[PDB]
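> Got a structure for you, query_30.pdb, holding PDB, C-alpha atoms.
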ATOM      1  CA  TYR A 165       7.896 -58.788   3.542
ATOM      2  CA  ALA A 166      11.324 -60.160   4.442
ATOM      3  CA  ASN A 167      14.307 -59.888   2.095
ATOM      4  CA  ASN A 168      15.661 -63.427   2.185
ATOM      5  CA  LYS A 169      16.706 -63.144  -1.461
ATOM      6  CA  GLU A 170      20.215 -61.986  -0.380
ATOM      7  CA  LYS A 171      19.967 -59.018  -2.794
ATOM      8  CA  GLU A 172      18.456 -55.539  -2.800
ATOM      9  CA  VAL A 173      14.687 -55.609  -3.384
ATOM     10  CA  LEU A 174      12.946 -52.695  -5.126
ATOM     11  CA  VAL A 175       9.376 -52.401  -3.812
ATOM     12  CA  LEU A 176       7.297 -49.572  -5.280
ATOM     13  CA  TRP A 177       3.927 -48.367  -4.039
ATOM     14  CA  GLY A 178       1.513 -45.498  -4.469
ATOM     15  CA  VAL A 179      -0.638 -43.147  -2.434
ATOM     16  CA  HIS A 180      -3.995 -42.100  -3.885
ATOM     17  CA  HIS A 181      -5.650 -38.670  -3.687
ATOM     18  CA  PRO A 182      -9.339 -38.359  -4.641
ATOM     19  CA  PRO A 183     -10.518 -34.948  -5.888
ATOM     20  CA  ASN A 184     -13.243 -34.502  -3.240
ATOM     21  CA  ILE A 185     -14.595 -35.954  -0.001
ATOM     22  CA  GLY A 186     -17.226 -37.880  -1.965
ATOM     23  CA  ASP A 187     -14.734 -40.196  -3.678
ATOM     24  CA  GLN A 188     -12.994 -40.923  -0.363
ATOM     25  CA  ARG A 189     -16.030 -42.427   1.400
ATOM     26  CA  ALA A 190     -17.077 -44.645  -1.535
ATOM     27  CA  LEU A 191     -13.660 -46.197  -2.285
ATOM     28  CA  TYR A 192     -12.279 -46.517   1.257
ATOM     29  CA  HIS A 193     -15.153 -45.705   3.687
ATOM     30  CA  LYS A 194     -13.013 -43.363   5.813
ATOM     31  CA  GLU A 195     -12.429 -39.606   5.628
ATOM     32  CA  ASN A 196      -9.253 -39.547   7.724
ATOM     33  CA  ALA A 197      -6.784 -41.854   5.992
ATOM     34  CA  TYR A 198      -3.097 -42.693   6.297
ATOM     35  CA  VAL A 199      -0.535 -45.216   5.102
ATOM     36  CA  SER A 200       2.264 -46.613   7.265
ATOM     37  CA  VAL A 201       5.119 -47.915   5.129
ATOM     38  CA  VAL A 202       7.890 -48.616   7.636
ATOM     39  CA  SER A 203      10.980 -50.834   7.631
ATOM     40  CA  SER A 204      14.055 -51.211   9.828
ATOM     41  CA  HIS A 205      15.812 -48.274   8.152
ATOM     42  CA  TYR A 206      12.947 -46.316   6.558
ATOM     43  CA  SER A 207       9.768 -44.640   7.813
ATOM     44  CA  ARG A 208       7.099 -42.344   6.371
ATOM     45  CA  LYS A 209       3.447 -41.491   7.087
ATOM     46  CA  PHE A 210       1.512 -40.291   4.046
ATOM     47  CA  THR A 211      -1.314 -37.987   5.112
ATOM     48  CA  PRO A 212      -3.711 -37.980   2.124
ATOM     49  CA  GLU A 213      -4.529 -34.405   1.099
ATOM     50  CA  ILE A 214      -7.783 -34.107  -0.864
ATOM     51  CA  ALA A 215      -8.296 -31.235  -3.294
ATOM     52  CA  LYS A 216      -9.843 -30.495  -6.673
ATOM     53  CA  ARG A 217      -7.059 -30.253  -9.261
ATOM     54  CA  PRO A 218      -7.005 -29.399 -12.980
TER      55      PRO A 218
ATOM     56  CA  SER B 110      15.654 -11.847 -21.999
ATOM     57  CA  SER B 111      12.006 -10.649 -21.854
ATOM     58  CA  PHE B 112      10.084  -9.948 -18.655
ATOM     59  CA  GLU B 113       6.809  -8.153 -17.825
ATOM     60  CA  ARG B 114       4.858  -7.420 -14.637
ATOM     61  CA  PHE B 115       1.084  -7.924 -14.655
ATOM     62  CA  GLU B 116      -1.651  -8.111 -12.007
ATOM     63  CA  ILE B 117      -2.730 -11.749 -11.803
ATOM     64  CA  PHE B 118      -5.365 -11.286  -9.055
ATOM     65  CA  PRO B 119      -6.811  -7.752  -9.185
ATOM     66  CA  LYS B 120      -6.806  -6.130  -5.754
ATOM     67  CA  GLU B 121     -10.338  -4.761  -6.160
ATOM     68  CA  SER B 122     -12.267  -7.722  -7.607
ATOM     69  CA  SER B 123     -10.457 -10.964  -6.694
ATOM     70  CA  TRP B 124     -11.506 -10.598  -3.028
ATOM     71  CA  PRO B 125     -15.013  -9.121  -2.644
ATOM     72  CA  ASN B 126     -15.761 -10.891   0.658
ATOM     73  CA  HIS B 127     -12.275 -10.249   2.128
ATOM     74  CA  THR B 128     -10.035  -7.465   3.443
ATOM     75  CA  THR B 129      -7.007  -6.462   1.350
ATOM     76  CA  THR B 130      -6.047  -3.354   3.354
ATOM     77  CA  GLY B 131      -3.768  -5.334   5.664
ATOM     78  CA  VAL B 132      -0.441  -3.621   6.341
ATOM     79  CA  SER B 133       2.600  -4.456   8.457
ATOM     80  CA  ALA B 134       4.388  -2.012  10.725
ATOM     81  CA  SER B 135       7.532  -3.980   9.839
ATOM     82  CA  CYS B 136       7.145  -3.094   6.142
ATOM     83  CA  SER B 137       7.370   0.644   6.685
ATOM     84  CA  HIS B 138       7.519   3.193   3.873
ATOM     85  CA  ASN B 139       8.337   6.801   4.835
ATOM     86  CA  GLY B 140       6.845   6.770   8.323
ATOM     87  CA  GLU B 141       3.795   4.723   7.277
ATOM     88  CA  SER B 142       3.051   1.021   7.677
ATOM     89  CA  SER B 143       2.736  -0.947   4.443
ATOM     90  CA  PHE B 144       3.257  -4.333   2.790
ATOM     91  CA  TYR B 145       4.517  -5.979  -0.403
ATOM     92  CA  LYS B 146       3.235  -4.231  -3.536
ATOM     93  CA  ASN B 147       3.167  -7.561  -5.411
ATOM     94  CA  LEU B 148       1.603  -9.603  -2.589
ATOM     95  CA  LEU B 149      -1.558  -8.964  -0.579
ATOM     96  CA  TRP B 150      -2.464  -9.659   3.046
ATOM     97  CA  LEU B 151      -5.982 -11.130   3.087
ATOM     98  CA  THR B 152      -7.767 -10.889   6.452
ATOM     99  CA  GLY B 153     -11.372 -11.529   7.392
ATOM    100  CA  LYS B 154     -14.039  -8.985   6.483
ATOM    101  CA  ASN B 155     -17.450  -8.658   8.141
ATOM    102  CA  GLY B 156     -16.433 -11.297  10.680
ATOM    103  CA  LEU B 157     -16.057 -14.222   8.268
ATOM    104  CA  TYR B 158     -13.339 -15.570   5.960
ATOM    105  CA  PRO B 159     -15.020 -17.541   3.147
ATOM    106  CA  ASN B 160     -13.371 -20.484   1.414
ATOM    107  CA  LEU B 161     -11.725 -18.902  -1.626
ATOM    108  CA  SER B 162     -10.739 -20.435  -4.962
ATOM    109  CA  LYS B 163      -8.851 -18.768  -7.816
ATOM    110  CA  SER B 164      -7.776 -20.397 -11.092
ATOM    111  CA  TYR B 165      -5.274 -18.521 -13.255
ATOM    112  CA  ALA B 166      -4.539 -19.828 -16.748
ATOM    113  CA  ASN B 167      -1.206 -19.235 -18.485
ATOM    114  CA  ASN B 168      -2.340 -18.061 -21.906
ATOM    115  CA  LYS B 169       0.658 -15.729 -22.124
ATOM    116  CA  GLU B 170       2.667 -18.461 -23.947
ATOM    117  CA  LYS B 171       5.572 -17.941 -21.499
ATOM    118  CA  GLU B 172       6.529 -19.092 -18.014
ATOM    119  CA  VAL B 173       4.638 -17.192 -15.300
ATOM    120  CA  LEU B 174       6.226 -16.615 -11.878
ATOM    121  CA  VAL B 175       3.480 -16.459  -9.234
ATOM    122  CA  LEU B 176       4.657 -15.929  -5.653
ATOM    123  CA  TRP B 177       2.556 -16.240  -2.517
ATOM    124  CA  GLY B 178       2.921 -16.420   1.236
ATOM    125  CA  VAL B 179       1.656 -18.376   4.213
ATOM    126  CA  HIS B 180       1.129 -16.501   7.481
ATOM    127  CA  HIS B 181       1.851 -17.735  11.016
ATOM    128  CA  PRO B 182       0.434 -15.763  13.970
ATOM    129  CA  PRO B 183       2.312 -16.030  17.284
ATOM    130  CA  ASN B 184      -0.674 -17.311  19.304
ATOM    131  CA  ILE B 185      -4.220 -18.631  18.974
ATOM    132  CA  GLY B 186      -5.581 -15.154  19.717
ATOM    133  CA  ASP B 187      -4.294 -13.595  16.489
ATOM    134  CA  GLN B 188      -5.689 -16.488  14.431
ATOM    135  CA  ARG B 189      -9.347 -15.994  15.411
ATOM    136  CA  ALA B 190      -9.337 -12.202  14.906
ATOM    137  CA  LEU B 191      -7.693 -12.122  11.451
ATOM    138  CA  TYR B 192      -9.222 -15.260   9.910
ATOM    139  CA  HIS B 193     -11.968 -16.496  12.309
ATOM    140  CA  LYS B 194     -10.775 -20.122  12.190
ATOM    141  CA  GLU B 195      -8.331 -22.053  14.378
ATOM    142  CA  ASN B 196      -7.719 -24.913  11.944
ATOM    143  CA  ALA B 197      -6.430 -23.334   8.739
ATOM    144  CA  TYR B 198      -4.896 -24.536   5.485
ATOM    145  CA  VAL B 199      -3.996 -23.308   2.015
ATOM    146  CA  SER B 200      -4.417 -25.359  -1.159
ATOM    147  CA  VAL B 201      -2.122 -24.106  -3.910
ATOM    148  CA  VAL B 202      -2.402 -26.762  -6.616
ATOM    149  CA  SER B 203      -1.759 -26.814 -10.365
ATOM    150  CA  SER B 204      -1.499 -29.501 -13.037
ATOM    151  CA  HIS B 205       2.113 -30.293 -12.119
ATOM    152  CA  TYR B 206       2.444 -28.940  -8.563
ATOM    153  CA  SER B 207       0.696 -29.568  -5.240
ATOM    154  CA  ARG B 208       1.229 -28.574  -1.606
ATOM    155  CA  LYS B 209      -0.902 -28.194   1.539
ATOM    156  CA  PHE B 210       0.460 -25.678   4.037
ATOM    157  CA  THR B 211      -0.633 -26.598   7.558
ATOM    158  CA  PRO B 212      -0.206 -23.361   9.562
ATOM    159  CA  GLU B 213       1.834 -24.019  12.709
ATOM    160  CA  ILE B 214       1.284 -21.410  15.434
ATOM    161  CA  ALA B 215       3.992 -20.731  18.008
ATOM    162  CA  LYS B 216       5.545 -17.867  19.942
ATOM    163  CA  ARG B 217       8.893 -16.996  18.348
ATOM    164  CA  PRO B 218      11.656 -14.518  19.244
ATOM    165  CA  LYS B 219      11.197 -10.908  18.166
ATOM    166  CA  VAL B 220      12.729 -10.564  14.691
ATOM    167  CA  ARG B 221      12.240  -6.985  13.476
ATOM    168  CA  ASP B 222       9.622  -6.218  16.150
ATOM    169  CA  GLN B 223       7.554  -9.255  15.129
ATOM    170  CA  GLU B 224       6.728 -12.605  16.728
ATOM    171  CA  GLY B 225       4.922 -13.707  13.557
ATOM    172  CA  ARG B 226       6.172 -15.454  10.440
ATOM    173  CA  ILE B 227       5.158 -15.192   6.793
ATOM    174  CA  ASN B 228       6.648 -18.185   5.007
ATOM    175  CA  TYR B 229       6.741 -17.291   1.301
ATOM    176  CA  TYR B 230       6.452 -19.619  -1.675
ATOM    177  CA  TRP B 231       6.838 -19.303  -5.440
ATOM    178  CA  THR B 232       5.930 -21.595  -8.322
ATOM    179  CA  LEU B 233       6.273 -21.421 -12.091
ATOM    180  CA  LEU B 234       3.149 -22.083 -14.165
ATOM    181  CA  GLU B 235       3.763 -23.503 -17.640
ATOM    182  CA  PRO B 236       1.583 -22.515 -20.621
ATOM    183  CA  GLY B 237      -1.432 -24.761 -20.948
ATOM    184  CA  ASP B 238      -1.383 -25.265 -17.169
ATOM    185  CA  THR B 239      -3.864 -23.784 -14.685
ATOM    186  CA  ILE B 240      -2.882 -23.034 -11.099
ATOM    187  CA  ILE B 241      -5.548 -23.013  -8.380
ATOM    188  CA  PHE B 242      -5.356 -21.182  -5.070
ATOM    189  CA  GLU B 243      -7.655 -22.426  -2.309
ATOM    190  CA  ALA B 244      -7.642 -21.172   1.266
ATOM    191  CA  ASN B 245      -9.777 -20.286   4.281
ATOM    192  CA  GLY B 246      -7.264 -17.993   5.977
ATOM    193  CA  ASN B 247      -3.603 -17.059   6.398
ATOM    194  CA  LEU B 248      -3.105 -16.745   2.621
ATOM    195  CA  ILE B 249      -0.901 -13.866   1.455
ATOM    196  CA  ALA B 250      -2.544 -13.447  -1.925
ATOM    197  CA  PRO B 251      -0.459 -12.930  -5.083
ATOM    198  CA  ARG B 252      -1.211  -9.571  -6.676
ATOM    199  CA  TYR B 253       1.629  -9.087  -9.190
ATOM    200  CA  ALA B 254       2.883 -12.024 -11.233
ATOM    201  CA  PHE B 255       5.497 -11.980 -13.983
ATOM    202  CA  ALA B 256       5.875 -13.584 -17.418
ATOM    203  CA  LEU B 257       9.495 -14.297 -18.311
ATOM    204  CA  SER B 258      11.761 -15.925 -20.896
ATOM    205  CA  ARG B 259      14.645 -18.041 -19.657
ATOM    206  CA  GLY B 260      18.223 -16.889 -19.781
ATOM    207  CA  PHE B 261      20.235 -20.007 -19.050
ATOM    208  CA  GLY B 262      23.817 -19.707 -17.868
ATOM    209  CA  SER B 263      24.280 -16.729 -15.563
ATOM    210  CA  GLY B 264      24.433 -15.812 -11.896
ATOM    211  CA  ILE B 265      24.591 -12.913  -9.437
ATOM    212  CA  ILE B 266      27.694 -10.850  -8.596
ATOM    213  CA  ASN B 267      27.853  -9.124  -5.230
ATOM    214  CA  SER B 268      29.453  -5.744  -5.844
ATOM    215  CA  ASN B 269      29.547  -2.135  -4.669
ATOM    216  CA  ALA B 270      31.074  -1.081  -7.993
ATOM    217  CA  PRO B 271      29.553   1.831  -9.936
ATOM    218  CA  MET B 272      27.656   1.440 -13.193
ATOM    219  CA  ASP B 273      28.876   2.730 -16.554
TER     220      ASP B 273
END
For this file, write the structure as C-alpha coordinates.


Amino acid sequence: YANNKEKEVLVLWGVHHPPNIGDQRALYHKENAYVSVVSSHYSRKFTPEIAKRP
Amino acid sequence: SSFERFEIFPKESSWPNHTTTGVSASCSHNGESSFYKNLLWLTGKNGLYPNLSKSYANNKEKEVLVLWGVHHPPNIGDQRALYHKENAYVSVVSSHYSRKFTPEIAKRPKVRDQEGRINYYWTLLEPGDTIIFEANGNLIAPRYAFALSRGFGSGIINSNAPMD
(Lines of atoms letter the chains of each structure in order from A and count residues from 1; the text may use other names and numbers.)
(Lines give C-alpha, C1' and ligand atoms only; values in the text may rest on other atoms or scores of the structure.)
Protein backbone atom coordinates (compact mmCIF):
# COMPACT_ATOMS: atom_id res chain seq x y z
CA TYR A 1 0.00 0.00 0.00
CA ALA A 2 1.20 3.49 -0.90
CA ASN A 3 0.23 6.57 1.12
CA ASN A 4 -0.82 8.96 -1.62
CA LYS A 5 -3.48 10.44 0.67
CA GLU A 6 -1.00 13.16 1.81
CA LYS A 7 -1.83 12.36 5.47
CA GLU A 8 -0.78 9.82 8.08
CA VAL A 9 -2.44 6.43 7.55
CA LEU A 10 -3.18 4.14 10.51
CA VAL A 11 -3.01 0.51 9.37
CA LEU A 12 -3.66 -2.11 12.05
CA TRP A 13 -3.10 -5.84 11.75
CA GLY A 14 -2.94 -8.96 13.88
CA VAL A 15 -0.84 -12.06 14.39
CA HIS A 16 -2.63 -15.29 15.31
CA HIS A 17 -1.47 -17.98 17.75
CA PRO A 18 -3.26 -21.36 17.74
CA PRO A 19 -3.19 -23.36 20.99
CA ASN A 20 -1.57 -26.48 19.47
CA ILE A 21 0.13 -27.80 16.34
CA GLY A 22 -3.16 -29.30 15.17
CA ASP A 23 -4.87 -25.94 14.60
CA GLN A 24 -1.85 -24.63 12.68
CA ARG A 25 -1.93 -27.25 9.91
CA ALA A 26 -5.70 -27.02 9.31
CA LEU A 27 -5.98 -23.21 9.09
CA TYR A 28 -2.69 -22.41 7.32
CA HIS A 29 -1.15 -25.75 6.19
CA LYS A 30 2.32 -24.87 7.52
CA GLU A 31 3.97 -25.52 10.89
CA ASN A 32 6.74 -22.92 10.53
CA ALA A 33 5.01 -19.59 9.97
CA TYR A 34 6.02 -15.93 9.87
CA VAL A 35 4.68 -12.53 8.88
CA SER A 36 6.75 -9.82 7.19
CA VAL A 37 5.24 -6.39 7.76
CA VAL A 38 7.90 -3.99 6.48
CA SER A 39 7.86 -0.39 5.25
CA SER A 40 10.49 2.23 4.46
CA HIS A 41 10.87 3.19 8.13
CA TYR A 42 9.51 0.14 9.99
CA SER A 43 10.34 -3.57 10.11
CA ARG A 44 9.31 -6.57 12.22
CA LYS A 45 9.19 -10.36 11.82
CA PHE A 46 6.55 -12.05 13.96
CA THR A 47 7.60 -15.61 14.78
CA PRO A 48 4.34 -17.35 15.80
CA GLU A 49 4.78 -19.11 19.15
CA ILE A 50 2.26 -21.92 19.72
CA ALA A 51 1.30 -22.93 23.25
CA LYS A 52 -1.72 -24.06 25.26
CA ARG A 53 -2.96 -21.12 27.33
CA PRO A 54 -5.73 -20.73 29.93
CA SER B 1 1.10 -3.88 53.85
CA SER B 2 0.64 -7.69 54.03
CA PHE B 3 3.08 -10.23 52.62
CA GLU B 4 3.57 -14.00 53.04
CA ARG B 5 6.01 -16.58 51.65
CA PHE B 6 4.63 -19.93 50.46
CA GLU B 7 5.97 -22.85 48.41
CA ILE B 8 4.24 -22.70 45.03
CA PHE B 9 5.97 -25.75 43.50
CA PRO B 10 6.96 -28.23 46.23
CA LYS B 11 10.58 -29.32 45.87
CA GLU B 12 9.76 -32.99 46.50
CA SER B 13 6.67 -33.58 44.35
CA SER B 14 6.58 -30.99 41.54
CA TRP B 15 9.53 -32.69 39.78
CA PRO B 16 9.44 -36.50 40.11
CA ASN B 17 11.24 -37.16 36.81
CA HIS B 18 13.82 -34.36 37.32
CA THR B 19 16.83 -33.40 39.46
CA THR B 20 16.40 -30.57 41.97
CA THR B 21 19.74 -31.01 43.77
CA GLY B 22 21.53 -28.63 41.41
CA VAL B 23 23.85 -26.20 43.19
CA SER B 24 26.20 -23.44 42.05
CA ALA B 25 29.73 -22.95 43.32
CA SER B 26 29.07 -19.23 42.76
CA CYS B 27 26.21 -19.28 45.29
CA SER B 28 28.36 -20.37 48.20
CA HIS B 29 27.13 -20.60 51.78
CA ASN B 30 29.76 -21.17 54.49
CA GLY B 31 32.26 -23.13 52.41
CA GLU B 32 29.56 -25.13 50.59
CA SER B 33 28.06 -24.68 47.13
CA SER B 34 24.37 -23.80 47.04
CA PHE B 35 21.65 -21.94 45.14
CA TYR B 36 18.60 -19.71 45.62
CA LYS B 37 16.32 -20.95 48.40
CA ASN B 38 13.26 -19.62 46.54
CA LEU B 39 14.29 -20.88 43.08
CA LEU B 40 15.32 -24.36 41.96
CA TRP B 41 17.82 -25.57 39.37
CA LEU B 42 16.15 -28.38 37.39
CA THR B 43 18.57 -30.67 35.53
CA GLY B 44 18.00 -33.97 33.78
CA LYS B 45 17.53 -37.13 35.83
CA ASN B 46 18.05 -40.69 34.57
CA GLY B 47 19.37 -39.30 31.29
CA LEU B 48 16.16 -37.60 30.12
CA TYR B 49 14.44 -34.25 30.71
CA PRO B 50 10.69 -34.71 30.13
CA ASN B 51 8.43 -31.93 28.87
CA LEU B 52 7.04 -30.41 32.06
CA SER B 53 3.84 -28.45 32.66
CA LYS B 54 2.72 -26.77 35.88
CA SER B 55 -0.45 -24.70 36.38
CA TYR B 56 -0.71 -22.62 39.56
CA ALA B 57 -4.02 -20.94 40.37
CA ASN B 58 -4.23 -17.74 42.42
CA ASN B 59 -6.96 -18.62 44.90
CA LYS B 60 -5.23 -16.55 47.58
CA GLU B 61 -7.36 -13.49 46.62
CA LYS B 62 -4.18 -11.36 46.42
CA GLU B 63 -1.43 -10.66 43.89
CA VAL B 64 1.13 -13.49 43.73
CA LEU B 65 4.76 -12.76 42.82
CA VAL B 66 6.24 -15.80 41.06
CA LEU B 67 9.87 -15.47 39.94
CA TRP B 68 11.76 -17.84 37.67
CA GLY B 69 14.97 -18.06 35.70
CA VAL B 70 16.26 -19.09 32.30
CA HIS B 71 19.69 -20.73 32.13
CA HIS B 72 22.37 -20.23 29.46
CA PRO B 73 25.31 -22.68 29.34
CA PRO B 74 28.57 -21.39 27.83
CA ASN B 75 28.82 -24.09 25.12
CA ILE B 76 26.90 -26.90 23.46
CA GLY B 77 28.63 -29.42 25.72
CA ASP B 78 26.96 -28.20 28.92
CA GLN B 79 23.53 -28.22 27.24
CA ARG B 80 23.48 -31.95 26.41
CA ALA B 81 24.70 -33.09 29.85
CA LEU B 82 22.30 -31.02 32.00
CA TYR B 83 19.17 -31.17 29.82
CA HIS B 84 19.83 -33.72 27.02
CA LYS B 85 18.52 -31.40 24.28
CA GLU B 86 20.27 -28.86 22.06
CA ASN B 87 17.15 -26.96 21.01
CA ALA B 88 15.50 -25.74 24.21
CA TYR B 89 12.68 -23.39 25.15
CA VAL B 90 10.55 -22.38 28.11
CA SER B 91 6.83 -21.58 27.90
CA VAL B 92 5.74 -19.40 30.81
CA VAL B 93 2.20 -18.35 29.89
CA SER B 94 -0.80 -17.12 31.86
CA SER B 95 -4.16 -15.56 31.00
CA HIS B 96 -2.64 -12.09 30.62
CA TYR B 97 1.07 -12.81 30.03
CA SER B 98 3.09 -14.78 27.47
CA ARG B 99 6.76 -15.21 26.59
CA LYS B 100 8.95 -17.83 24.89
CA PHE B 101 12.58 -17.79 26.02
CA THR B 102 14.83 -19.09 23.25
CA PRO B 103 18.07 -20.08 25.05
CA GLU B 104 21.07 -18.48 23.33
CA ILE B 105 24.35 -20.29 24.03
CA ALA B 106 27.65 -18.41 23.86
CA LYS B 107 31.00 -18.22 25.61
CA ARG B 108 31.04 -15.12 27.83
CA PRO B 109 33.71 -13.51 30.03
CA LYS B 110 34.23 -14.93 33.50
CA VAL B 111 31.89 -13.05 35.86
CA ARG B 112 32.27 -14.47 39.37
CA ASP B 113 34.08 -17.60 38.13
CA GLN B 114 31.27 -18.36 35.67
CA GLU B 115 30.92 -18.30 31.89
CA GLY B 116 27.21 -19.10 32.19
CA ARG B 117 24.18 -16.86 32.55
CA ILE B 118 20.89 -17.29 34.40
CA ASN B 119 18.53 -14.63 33.09
CA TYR B 120 15.80 -14.23 35.72
CA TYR B 121 12.18 -13.25 35.21
CA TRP B 122 9.24 -12.37 37.45
CA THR B 123 5.52 -12.00 36.79
CA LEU B 124 2.50 -11.12 38.90
CA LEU B 125 -0.49 -13.47 38.75
CA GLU B 126 -3.87 -11.86 39.43
CA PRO B 127 -6.63 -13.73 41.32
CA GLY B 128 -8.79 -15.75 38.98
CA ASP B 129 -5.79 -16.16 36.66
CA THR B 130 -3.79 -19.36 36.15
CA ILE B 131 -0.12 -19.28 35.17
CA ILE B 132 1.39 -22.21 33.28
CA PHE B 133 5.05 -23.18 33.19
CA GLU B 134 6.16 -25.37 30.28
CA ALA B 135 9.74 -26.35 29.54
CA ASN B 136 12.04 -29.12 28.33
CA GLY B 137 15.23 -27.81 29.91
CA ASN B 138 17.10 -24.77 31.23
CA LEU B 139 14.18 -23.79 33.50
CA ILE B 140 15.11 -22.49 36.96
CA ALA B 141 11.93 -23.60 38.67
CA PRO B 142 10.11 -21.30 41.12
CA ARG B 143 9.99 -22.84 44.59
CA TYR B 144 8.93 -19.94 46.84
CA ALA B 145 6.29 -17.48 45.66
CA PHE B 146 4.77 -14.60 47.62
CA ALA B 147 1.27 -13.17 48.08
CA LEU B 148 1.30 -9.42 48.67
CA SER B 149 -0.92 -6.35 49.07
CA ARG B 150 0.08 -3.18 47.26
CA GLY B 151 1.56 -0.20 49.03
CA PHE B 152 1.43 2.56 46.45
CA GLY B 153 3.65 5.61 46.84
CA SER B 154 7.04 4.69 48.28
CA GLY B 155 10.59 3.93 47.23
CA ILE B 156 13.99 2.73 48.46
CA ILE B 157 16.54 4.81 50.41
CA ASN B 158 20.19 3.84 50.19
CA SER B 159 21.62 4.33 53.67
CA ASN B 160 24.22 3.05 56.12
CA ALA B 161 22.32 4.67 59.00
CA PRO B 162 21.48 2.63 62.11
CA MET B 163 17.97 1.52 63.03
CA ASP B 164 16.05 2.79 66.05

> Kindly provide the residues of segment 123-237 of chain B that approach segment 206-215 of chain A to within 9 Å, each paired with its closest atom pair and their distance in Å to one decimal, based on all atoms listed in the file, listed by chain and increasing number, as CSV.


residue,atom,partner,partner_atom,distance
B:200,CA,A:215,CA,7.4
B:202,CA,A:215,CA,8.1
B:208,CA,A:213,CA,8.6
B:209,CA,A:213,CA,7.2

> Excluding residue 190 of chain B and its own-chain neighbours fewer than 4 positions away, which residues fall within 10 Å of it when counting all atoms listed in the file? Please give them as an MDAnalysis selection string.

chainID B and resid 152:153 156:157 185:186 194:195

> Around the point (5.8, -18.6, -10.8) (coordinates from the file), which residues reach within 10 Å if we count all atoms listed in the file? Answer as JSON, numbers by chain.

{"B": [172, 173, 174, 175, 176, 177, 230, 231, 232, 233, 234, 235, 240, 254, 255, 256, 257]}

> With only C-alpha atoms as the atoms that count, which of A:205, A:218, A:180, A:200 lies nearest to chain B?

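Looking at the shortest contact to chain B, the residue is A:218.
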
> To one decimal place, how far is atom CA of residue 251 of chain B from atom CA of residue 218 of chain B in Å?

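Interatomic distance here is 27.2 Å.
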
> Please check which residues have atoms at most 6 Å from (-9.3, -14.4, 8.9) in the file's coordinates, counting all atoms listed in the file, and write them as an MDAnalysis selection string.

chainID B and resid 152:153 158 191:193 246

> N, CA and C atoms are needed for segment 144-166 of chain B; please write them out as a tab-separated table (two decimals), in the coordinates of the input.


chain	number	residue	atom	x	y	z
B	144	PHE	N	3.06	-2.92	3.08
B	144	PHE	CA	3.26	-4.33	2.79
B	144	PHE	C	3.70	-4.46	1.34
B	145	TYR	N	3.93	-5.70	0.90
B	145	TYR	CA	4.52	-5.98	-0.40
B	145	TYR	C	3.58	-5.58	-1.53
B	146	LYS	N	4.07	-4.72	-2.44
B	146	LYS	CA	3.24	-4.23	-3.54
B	146	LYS	C	2.73	-5.37	-4.41
B	147	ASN	N	3.52	-6.44	-4.55
B	147	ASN	CA	3.17	-7.56	-5.41
B	147	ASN	C	2.35	-8.63	-4.70
B	148	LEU	N	2.42	-8.69	-3.37
B	148	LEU	CA	1.60	-9.60	-2.59
B	148	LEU	C	0.41	-8.85	-2.01
B	149	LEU	N	-0.44	-9.57	-1.28
B	149	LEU	CA	-1.56	-8.96	-0.58
B	149	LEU	C	-1.83	-9.75	0.69
B	150	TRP	N	-2.12	-9.04	1.77
B	150	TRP	CA	-2.46	-9.66	3.05
B	150	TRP	C	-3.99	-9.72	3.15
B	151	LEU	N	-4.54	-10.92	3.05
B	151	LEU	CA	-5.98	-11.13	3.09
B	151	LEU	C	-6.40	-11.51	4.50
B	152	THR	N	-7.20	-10.65	5.13
B	152	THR	CA	-7.77	-10.89	6.45
B	152	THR	C	-9.29	-10.89	6.36
B	153	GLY	N	-9.93	-11.37	7.42
B	153	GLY	CA	-11.37	-11.53	7.39
B	153	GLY	C	-12.10	-10.20	7.36
B	154	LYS	N	-13.15	-10.14	6.54
B	154	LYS	CA	-14.04	-8.98	6.48
B	154	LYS	C	-15.42	-9.39	6.97
B	155	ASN	N	-16.09	-8.46	7.66
B	155	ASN	CA	-17.45	-8.66	8.14
B	155	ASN	C	-17.55	-9.86	9.07
B	156	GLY	N	-16.43	-10.24	9.70
B	156	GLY	CA	-16.43	-11.30	10.68
B	156	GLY	C	-16.44	-12.70	10.13
B	157	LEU	N	-16.14	-12.89	8.85
B	157	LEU	CA	-16.06	-14.22	8.27
B	157	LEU	C	-15.03	-14.22	7.15
B	158	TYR	N	-14.36	-15.36	6.99
B	158	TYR	CA	-13.34	-15.57	5.96
B	158	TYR	C	-13.81	-16.73	5.09
B	159	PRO	N	-14.48	-16.46	3.97
B	159	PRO	CA	-15.02	-17.54	3.15
B	159	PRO	C	-13.92	-18.37	2.50
B	160	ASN	N	-14.28	-19.61	2.15
B	160	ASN	CA	-13.37	-20.48	1.41
B	160	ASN	C	-13.20	-19.94	0.00
B	161	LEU	N	-11.99	-19.51	-0.33
B	161	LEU	CA	-11.72	-18.90	-1.63
B	161	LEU	C	-11.20	-19.94	-2.62
B	162	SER	N	-11.23	-19.56	-3.90
B	162	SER	CA	-10.74	-20.43	-4.96
B	162	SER	C	-10.48	-19.60	-6.20
B	163	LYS	N	-9.24	-19.56	-6.66
B	163	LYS	CA	-8.85	-18.77	-7.82
B	163	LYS	C	-8.04	-19.62	-8.78
B	164	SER	N	-8.43	-19.62	-10.05
B	164	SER	CA	-7.78	-20.40	-11.09
B	164	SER	C	-7.25	-19.44	-12.15
B	165	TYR	N	-5.93	-19.29	-12.21
B	165	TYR	CA	-5.27	-18.52	-13.26
B	165	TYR	C	-4.78	-19.47	-14.34
B	166	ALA	N	-4.99	-19.07	-15.59
B	166	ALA	CA	-4.54	-19.83	-16.75
B	166	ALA	C	-3.40	-19.09	-17.43
